[PDB]
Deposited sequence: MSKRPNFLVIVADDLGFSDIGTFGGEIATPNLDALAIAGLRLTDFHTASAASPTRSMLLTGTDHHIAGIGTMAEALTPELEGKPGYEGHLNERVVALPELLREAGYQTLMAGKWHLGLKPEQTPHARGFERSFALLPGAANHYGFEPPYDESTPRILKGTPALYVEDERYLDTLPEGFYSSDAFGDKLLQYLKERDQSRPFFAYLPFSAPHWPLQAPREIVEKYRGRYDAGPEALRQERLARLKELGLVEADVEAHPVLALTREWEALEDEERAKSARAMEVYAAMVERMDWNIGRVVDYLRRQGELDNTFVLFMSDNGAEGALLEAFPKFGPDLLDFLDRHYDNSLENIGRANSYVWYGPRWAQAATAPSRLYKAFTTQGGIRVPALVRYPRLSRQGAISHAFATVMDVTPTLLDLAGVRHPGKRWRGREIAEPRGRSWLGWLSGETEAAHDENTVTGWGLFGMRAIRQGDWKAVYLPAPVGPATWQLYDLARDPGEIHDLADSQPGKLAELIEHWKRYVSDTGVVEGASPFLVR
């Protein structure tokens, strides 16, 4: 009996959003998995979506894997490249049926789809985002660049779909298709099921009957929400009782300065966001419940994670996502209070709502601070001894591929594969740790880097240096002790210059080992 694998990925979901991670959002199915399983407080991705995915499915750094930056902002090919082999390719050759429904974000062309990169069945959104209901604006030269880059471009296997079924809603469709593939499976061989949702990613959109469950829940605003989330994190033991939260940084007006109408719309956005997450969770339950009734769940290793920190961006602030985003939305969408959440609305919830969900951490998605890279994760697999607990052991998304190969009885092919030279995993298997033999998969000497959009981080043990350029940081290296300062508040660069210079060496090594530009 070799295990099945179920890897579920939420898109821009925040660290404390779900119930068992401190949240008020209804997530009964993930909560059952998390309390019985092991929850992780020091698990890491990249600061953004496609880089994190490139890493999940190869076991090495996104700069090696082809996503050195996002395609949309151009191993810098803009897709998963031929210098790496992908987990599903490896498992498919060892007898696993490879199944996916969800967001891909690792290439748009035939030779780059899931069906080209190791999946026997796949239903995928290829770009980084799209309208959850398939409602499309007009496309021409003049359409905002951010909209031109996010059409509802789906594929099933090799067939690019020219229409979507009626009632299409992204999370419900991904639940539907993965269930179909599981029910159609060969019941006497194991599976690798990959369930990358595009929820709760903008535009924020969800069925009204779920949104209505949160009516008025967010009327006290995002600081009030942050205070609730931090109290609950502490109460549950997810964060140390006296942790100092990083201060909230935003260029928008604070809740109390806002006019009544603006508040009503901003709260309605966060109501919609909550319904996205509950509705995601509902589709996760349909899949998990089917596996359970089949007698398969207990020999399934289940991993759930978000792909980056919660999304604080103001899409109207990046004129390269335009020209004229807001004017185009005014003319083509209906963002009135009543309509927010339907197919022809288009909103994002902004920096303050997002910081409520990353607290105590500094900032959010697209930064190299812990706000952008520390994400919620859980593992439910009852053959592991380390279950029912909360672990603060350091771990990354690069650890997953090695772990699953290990569990599957499969050797990584080393440096050549299908007659091409290839990269070897930078992560470490979780099996010694999760099987209870060791306290963690890494130690006080483990070195890890990040670099993206001109920001840097370098970590060794619990020591981390960060580099944020202008206008979002001081354009210099800052040094943090994450054992004492999870908020990355107290810069130690002057009190501990030897430690920093050491980390700076490690950074140069990372640049040269990974090909960072």
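Going by the record, the unmodelled stretches of the deposited sequence, in order, are 1-2, 77-84, 528-536.
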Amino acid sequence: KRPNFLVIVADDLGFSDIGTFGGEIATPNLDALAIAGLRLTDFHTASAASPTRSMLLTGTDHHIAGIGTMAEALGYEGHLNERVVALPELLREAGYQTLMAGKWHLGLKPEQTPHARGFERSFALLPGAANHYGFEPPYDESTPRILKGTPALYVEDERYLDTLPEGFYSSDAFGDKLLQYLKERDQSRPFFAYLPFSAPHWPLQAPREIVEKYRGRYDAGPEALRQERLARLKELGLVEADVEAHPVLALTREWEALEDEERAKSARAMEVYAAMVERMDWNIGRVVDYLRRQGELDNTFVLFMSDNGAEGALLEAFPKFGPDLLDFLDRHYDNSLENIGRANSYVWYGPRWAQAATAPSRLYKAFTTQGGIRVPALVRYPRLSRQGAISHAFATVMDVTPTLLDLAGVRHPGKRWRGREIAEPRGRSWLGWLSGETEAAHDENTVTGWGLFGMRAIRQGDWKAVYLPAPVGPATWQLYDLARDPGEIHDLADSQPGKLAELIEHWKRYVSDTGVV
From here on, numbers count along this sequence of modelled residues.
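When the C-alpha B-factors of 37-45 and 476-484 are averaged, 476-484 comes out higher. With 88-96 and 200-208 compared on mean CA B-factor from the PDB entry, the stretch scoring higher is 88-96. Among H105, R362, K183, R217, the highest C-alpha B-factor in the deposited entry belongs to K183. Among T300, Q294, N335, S188, the highest C-alpha B-factor recorded in the PDB entry belongs to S188. In this PDB entry, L30 carries a Cα temperature factor that places it within the lowest third of its chain's modelled residues. Residue-level temperature factors show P413 in the highest third of its chain, judged at the C-alpha atom. For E158, the recorded CA temperature factor ranks within the highest third of the chain's modelled residues.
Remark: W348 belongs to the lowest third of its chain, ranked by C-alpha B-factor as recorded. For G436, the recorded CA temperature factor ranks within the highest third of the chain's modelled residues.
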